[PDB]
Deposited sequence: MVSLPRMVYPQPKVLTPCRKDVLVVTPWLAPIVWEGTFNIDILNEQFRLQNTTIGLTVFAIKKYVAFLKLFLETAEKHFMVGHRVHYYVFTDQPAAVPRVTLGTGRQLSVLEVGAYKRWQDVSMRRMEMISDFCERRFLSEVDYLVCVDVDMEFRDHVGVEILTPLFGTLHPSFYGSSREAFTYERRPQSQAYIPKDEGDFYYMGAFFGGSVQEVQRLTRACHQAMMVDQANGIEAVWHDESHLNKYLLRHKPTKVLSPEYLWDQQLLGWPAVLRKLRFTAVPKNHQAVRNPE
(Lines of atoms letter the chains of each structure in order from A and count residues from 1; the text may use other names and numbers.)
(Lines give C-alpha, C1' and ligand atoms only; values in the text may rest on other atoms or scores of the structure.)
Protein backbone atom coordinates (compact mmCIF):
# COMPACT_ATOMS: atom_id res chain seq x y z
CA UNK A 1 0.00 0.00 0.00
CA UNK A 2 1.72 3.20 -1.35
CA UNK A 3 1.13 6.76 0.04
CA UNK A 4 2.84 10.16 0.55
CA UNK A 5 5.71 9.94 3.02
CA UNK A 6 5.06 11.79 6.23
CA UNK A 7 7.98 14.15 6.83
CA UNK A 8 8.63 15.10 10.38
CA UNK A 9 10.00 18.58 9.57
CA UNK A 10 6.95 19.38 7.40
CA UNK A 11 3.82 19.63 9.56
CA UNK A 12 0.40 18.83 7.95
CA UNK A 13 -1.43 21.73 9.50
CA UNK A 14 0.51 24.68 11.05
CA UNK A 15 -2.62 26.73 11.64
CA UNK A 16 -4.35 24.62 14.27
CA UNK A 17 -3.54 22.59 17.39
CA UNK A 18 -3.61 18.89 16.25
CA UNK A 19 -2.81 17.20 19.55
CA UNK A 20 -4.08 17.98 23.06
CA UNK A 21 -1.70 18.41 26.00
CA UNK A 22 -2.50 14.88 27.09
CA UNK A 23 -1.49 13.55 23.66
CA UNK A 24 -4.94 12.91 22.19
CA UNK A 25 -5.19 13.69 18.48
CA UNK A 26 -7.43 16.58 17.50
CA UNK A 27 -9.04 15.47 14.28
CA UNK A 28 -8.72 17.93 11.34
CA UNK A 29 -8.56 17.39 7.58
CA UNK A 30 -4.97 16.87 6.60
CA UNK A 31 -3.98 15.07 9.82
CA UNK A 32 -5.00 11.60 8.72
CA UNK A 33 -4.50 9.25 5.77
CA UNK A 34 -7.90 7.59 5.57
CA UNK A 35 -6.60 4.69 3.52
CA UNK A 36 -4.40 3.66 6.39
CA UNK A 37 -7.13 4.00 9.03
CA UNK A 38 -9.69 2.20 6.91
CA UNK A 39 -7.36 -0.79 6.59
CA UNK A 40 -6.67 -0.90 10.28
CA UNK A 41 -10.36 -0.79 11.19
CA UNK A 42 -11.46 -3.25 8.49
CA UNK A 43 -8.87 -5.76 9.75
CA UNK A 44 -10.83 -5.82 13.01
CA UNK A 45 -14.19 -6.08 11.29
CA UNK A 46 -15.23 -2.93 13.17
CA UNK A 47 -18.93 -2.30 13.78
CA UNK A 48 -20.02 1.18 14.62
CA UNK A 49 -23.35 1.87 16.35
CA UNK A 50 -24.92 5.32 15.76
CA UNK A 51 -27.59 6.43 18.27
CA UNK A 52 -30.07 9.17 17.51
CA UNK A 53 -33.22 10.26 19.35
CA UNK A 54 -36.25 11.37 17.33
CA UNK A 55 -39.03 12.17 19.86
CA UNK A 56 -42.15 14.17 18.90
CA UNK A 57 -41.63 16.59 15.93
CA UNK A 58 -37.99 15.50 15.55
CA UNK A 59 -39.01 12.46 13.55
CA UNK A 60 -39.17 14.90 10.66
CA UNK A 61 -35.32 15.13 10.73
CA UNK A 62 -34.71 11.38 10.26
CA UNK A 63 -35.03 11.08 6.47
CA UNK A 64 -32.29 13.59 5.68
CA UNK A 65 -30.17 12.40 8.63
CA UNK A 66 -30.23 8.79 7.50
CA UNK A 67 -29.95 9.48 3.78
CA UNK A 68 -26.86 11.66 4.33
CA UNK A 69 -25.40 9.15 6.85
CA UNK A 70 -25.61 6.53 4.10
CA UNK A 71 -23.55 8.82 1.90
CA UNK A 72 -20.89 9.90 4.40
CA UNK A 73 -20.88 7.98 7.69
CA UNK A 74 -18.48 5.05 8.03
CA UNK A 75 -18.95 4.07 4.41
CA UNK A 76 -17.41 0.61 3.87
CA UNK A 77 -17.63 -0.38 7.48
CA UNK A 78 -20.39 -2.17 9.41
CA UNK A 79 -22.91 0.28 10.81
CA UNK A 80 -25.88 -0.27 13.15
CA UNK A 81 -28.26 2.68 13.50
CA UNK A 82 -30.27 2.81 16.70
CA UNK A 83 -33.23 5.13 16.39
CA UNK A 84 -34.94 5.95 19.72
CA UNK A 85 -38.42 7.27 19.04
CA UNK A 86 -41.92 7.58 20.57
CA UNK A 87 -43.25 7.07 16.97
CA UNK A 88 -41.91 3.81 15.37
CA UNK A 89 -44.25 4.09 12.33
CA UNK A 90 -42.85 7.53 11.53
CA UNK A 91 -39.24 6.25 10.97
CA UNK A 92 -38.68 6.56 7.20
CA UNK A 93 -37.68 3.40 5.34
CA UNK A 94 -34.31 4.50 3.86
CA UNK A 95 -32.39 2.06 1.64
CA UNK A 96 -29.12 1.06 3.25
CA UNK A 97 -25.77 -0.02 1.88
CA UNK A 98 -24.52 -3.51 2.43
CA UNK A 99 -23.34 -4.25 6.05
CA UNK A 100 -25.65 -1.60 7.50
CA UNK A 101 -28.74 -2.11 9.64
CA UNK A 102 -31.25 -0.02 11.47
CA UNK A 103 -33.13 -0.83 14.68
CA UNK A 104 -36.03 1.18 16.06
CA UNK A 105 -36.18 1.41 19.88
CA UNK A 106 -39.49 2.64 21.20
CA UNK A 107 -39.21 4.94 24.18
CA UNK A 108 -41.43 7.28 26.19
CA UNK A 109 -41.65 11.02 25.51
CA UNK A 110 -40.95 13.48 28.33
CA UNK A 111 -42.96 16.75 27.99
CA UNK A 112 -40.06 19.14 28.63
CA UNK A 113 -37.26 19.61 25.99
CA UNK A 114 -34.73 19.58 28.89
CA UNK A 115 -35.70 16.03 29.97
CA UNK A 116 -35.91 14.71 26.34
CA UNK A 117 -32.33 15.93 25.73
CA UNK A 118 -31.26 14.98 29.34
CA UNK A 119 -32.79 11.45 29.61
CA UNK A 120 -30.72 10.43 26.52
CA UNK A 121 -27.88 9.55 28.89
CA UNK A 122 -30.19 7.27 30.77
CA UNK A 123 -31.66 5.81 27.61
CA UNK A 124 -28.26 5.12 26.13
CA UNK A 125 -27.02 3.39 29.29
CA UNK A 126 -30.12 -0.73 27.10
CA UNK A 127 -26.66 -1.89 28.09
CA UNK A 128 -26.03 -5.58 27.13
CA UNK A 129 -27.50 -5.12 23.64
CA UNK A 130 -24.83 -2.48 22.64
CA UNK A 131 -21.94 -4.60 24.12
CA UNK A 132 -22.84 -7.61 21.94
CA UNK A 133 -23.74 -5.77 18.71
CA UNK A 134 -21.15 -2.98 18.21
CA UNK A 135 -17.50 -2.10 18.92
CA UNK A 136 -18.02 1.67 19.16
CA UNK A 137 -20.98 3.87 19.86
CA UNK A 138 -21.44 7.34 18.38
CA UNK A 139 -24.13 9.53 19.95
CA UNK A 140 -25.46 12.48 17.89
CA UNK A 141 -28.31 14.93 17.53
CA UNK A 142 -30.91 14.17 14.86
CA UNK A 143 -31.42 17.74 13.59
CA UNK A 144 -28.26 17.50 11.49
CA UNK A 145 -27.11 16.36 8.15
CA UNK A 146 -23.88 14.80 6.93
CA UNK A 147 -22.23 16.88 4.17
CA UNK A 148 -18.82 15.20 3.95
CA UNK A 149 -16.82 12.22 5.24
CA UNK A 150 -17.28 11.16 8.88
CA UNK A 151 -15.26 7.99 9.25
CA UNK A 152 -13.04 5.75 11.35
CA UNK A 153 -10.67 8.62 12.11
CA UNK A 154 -13.04 9.55 14.92
CA UNK A 155 -12.92 6.10 16.54
CA UNK A 156 -11.05 5.76 19.85
CA UNK A 157 -11.97 4.77 23.43
CA UNK A 158 -13.51 8.15 24.21
CA UNK A 159 -14.10 11.27 22.18
CA UNK A 160 -15.78 14.60 22.44
CA UNK A 161 -16.29 17.32 19.85
CA UNK A 162 -15.30 21.00 20.13
CA UNK A 163 -18.38 23.27 20.37
CA UNK A 164 -18.33 25.42 17.22
CA UNK A 165 -19.15 28.66 19.14
CA UNK A 166 -16.33 28.33 21.60
CA UNK A 167 -13.27 26.75 19.96
CA UNK A 168 -11.42 30.12 19.69
CA UNK A 169 -12.47 31.18 23.17
CA UNK A 170 -10.76 31.40 26.56
CA UNK A 171 -11.92 29.20 29.38
CA UNK A 172 -13.55 31.85 31.62
CA UNK A 173 -15.84 32.42 28.58
CA UNK A 174 -16.92 28.74 28.61
CA UNK A 175 -20.51 28.24 29.68
CA UNK A 176 -19.70 25.41 32.06
CA UNK A 177 -21.90 25.02 35.11
CA UNK A 178 -20.47 27.52 37.66
CA UNK A 179 -22.56 26.70 40.78
CA UNK A 180 -20.76 24.51 43.32
CA UNK A 181 -24.16 23.12 44.21
CA UNK A 182 -24.22 21.20 40.90
CA UNK A 183 -22.43 17.87 40.18
CA UNK A 184 -21.50 19.56 36.84
CA UNK A 185 -19.61 22.34 38.61
CA UNK A 186 -16.31 23.50 37.03
CA UNK A 187 -14.29 26.35 38.64
CA UNK A 188 -13.33 29.42 36.62
CA UNK A 189 -9.64 28.44 36.51
CA UNK A 190 -10.30 24.86 35.22
CA UNK A 191 -11.12 23.40 31.84
CA UNK A 192 -9.55 22.25 28.62
CA UNK A 193 -12.23 22.79 26.00
CA UNK A 194 -15.94 23.29 25.83
CA UNK A 195 -17.42 20.12 24.27
CA UNK A 196 -20.83 20.08 22.57
CA UNK A 197 -23.39 17.47 23.68
CA UNK A 198 -24.46 16.89 20.07
CA UNK A 199 -21.57 14.52 19.13
CA UNK A 200 -19.64 12.27 21.48
CA UNK A 201 -18.72 8.60 21.55
CA UNK A 202 -16.18 5.91 22.07
CA UNK A 203 -15.93 2.25 22.80
CA UNK A 204 -19.14 0.72 24.03
CA UNK A 205 -17.54 0.33 27.55
CA UNK A 206 -16.44 3.98 27.72
CA UNK A 207 -19.74 5.34 26.39
CA UNK A 208 -21.70 3.17 28.91
CA UNK A 209 -19.39 4.64 31.66
CA UNK A 210 -19.86 8.17 30.55
CA UNK A 211 -23.64 7.90 30.12
CA UNK A 212 -24.01 6.09 33.51
CA UNK A 213 -21.90 8.75 35.17
CA UNK A 214 -23.77 11.63 33.60
CA UNK A 215 -27.16 10.05 34.53
CA UNK A 216 -26.02 9.45 38.14
CA UNK A 217 -24.81 13.02 38.33
CA UNK A 218 -28.05 14.48 36.94
CA UNK A 219 -30.15 12.39 39.45
CA UNK A 220 -28.02 13.81 42.27
CA UNK A 221 -28.62 17.32 40.98
CA UNK A 222 -32.40 16.61 40.78
CA UNK A 223 -32.59 15.18 44.34
CA UNK A 224 -30.88 18.48 45.34
CA UNK A 225 -33.12 20.97 43.50
CA UNK A 226 -30.70 22.21 40.79
CA UNK A 227 -30.67 21.79 37.00
CA UNK A 228 -27.33 22.34 35.39
CA UNK A 229 -27.20 25.31 33.09
CA UNK A 230 -26.80 23.45 29.81
CA UNK A 231 -28.22 20.24 31.16
CA UNK A 232 -26.58 17.03 29.69
CA UNK A 233 -23.87 19.09 28.02
CA UNK A 234 -22.87 20.54 31.42
CA UNK A 235 -22.37 17.05 32.85
CA UNK A 236 -20.66 15.85 29.59
CA UNK A 237 -18.16 18.66 30.04
CA UNK A 238 -17.55 17.82 33.68
CA UNK A 239 -17.05 14.12 32.82
CA UNK A 240 -14.59 14.92 29.99
CA UNK A 241 -12.65 17.30 32.25
CA UNK A 242 -12.08 14.53 34.76
CA UNK A 243 -11.81 11.63 32.23
CA UNK A 244 -9.96 13.10 29.31
CA UNK A 245 -10.99 12.04 25.87
CA UNK A 246 -8.54 10.03 23.77
CA UNK A 247 -9.47 11.94 20.63
CA UNK A 248 -11.09 15.38 20.20
CA UNK A 249 -12.97 16.16 17.03
CA UNK A 250 -12.49 19.54 15.45
CA UNK A 251 -15.48 21.77 14.57
CA UNK A 252 -15.47 20.27 11.09
CA UNK A 253 -17.55 17.62 12.86
CA UNK A 254 -20.16 19.90 14.38
CA UNK A 255 -20.94 23.13 12.51
CA UNK A 256 -23.68 25.54 11.40
CA UNK A 257 -22.84 27.33 8.16
CA UNK A 258 -25.89 29.65 8.56
CA UNK A 259 -24.68 30.99 11.93
CA UNK A 260 -20.91 30.71 11.40
CA UNK A 261 -20.13 30.66 7.66
CA UNK A 262 -17.21 28.70 6.24
CA UNK A 263 -13.97 29.87 7.68
CA UNK A 264 -10.66 29.03 6.03
CA UNK A 265 -9.49 26.95 9.03
CA UNK A 266 -12.37 24.49 8.22
CA UNK A 267 -11.32 22.64 5.13
CA UNK A 268 -14.43 20.48 5.28
CA UNK A 269 -17.83 20.92 6.85
CA UNK A 270 -18.74 17.28 7.67
CA UNK A 271 -21.85 17.27 9.95
CA UNK A 272 -24.00 20.31 10.17
CA UNK A 273 -27.14 21.75 11.71
CA UNK A 274 -30.37 21.74 9.74
CA UNK A 275 -32.42 24.99 9.99
CA UNK A 276 -35.16 24.74 12.64
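- When the deposited sequence is numbered from 1, the segments without any C-alpha atom are 1-6, 132-133, 285-293.
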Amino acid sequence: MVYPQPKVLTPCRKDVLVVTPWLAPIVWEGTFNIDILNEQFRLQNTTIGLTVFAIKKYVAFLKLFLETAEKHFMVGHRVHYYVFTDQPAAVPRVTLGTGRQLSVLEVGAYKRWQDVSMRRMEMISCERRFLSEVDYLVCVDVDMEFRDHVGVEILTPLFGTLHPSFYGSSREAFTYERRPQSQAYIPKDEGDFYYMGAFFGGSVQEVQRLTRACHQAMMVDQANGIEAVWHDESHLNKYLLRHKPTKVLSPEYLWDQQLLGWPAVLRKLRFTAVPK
From here on, numbers count along this sequence of modelled residues.
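- Judged by the one-third criterion across other entries of this protein, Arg112, though modelled here, is missing from at least a third of those that model both its neighbours.
- For the segment pair 219-227 and 238-246, the entry gives 219-227 the higher mean B-factor, averaged over Cα atoms.
- Of the two segments examined, 162-170 and 105-113, it is 105-113 that shows the higher average Cα temperature factor in the deposited entry.
- Between the residues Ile154, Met196, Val83, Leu131, it is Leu131 that shows the highest Cα B-factor in the PDB record.
- The PDB entry assigns its highest CA temperature factor, among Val19, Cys12, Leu254, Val265, to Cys12.
- Ranked by Cα temperature factor within the chain, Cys126 sits in the highest third according to the deposited record.
- For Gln205, the recorded CA B-factor ranks within the middle third of the chain. Only modelled residues enter the ranking.
- Among all modelled residues in its chain, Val79 ranks in the lowest third by Cα B-factor.
- Among all modelled residues in this chain, the alpha-carbon of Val140 has a temperature factor (C-alpha) in the lowest third.
- In this PDB entry, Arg147 carries a Cα temperature factor that places it within the middle third of its chain's modelled residues.
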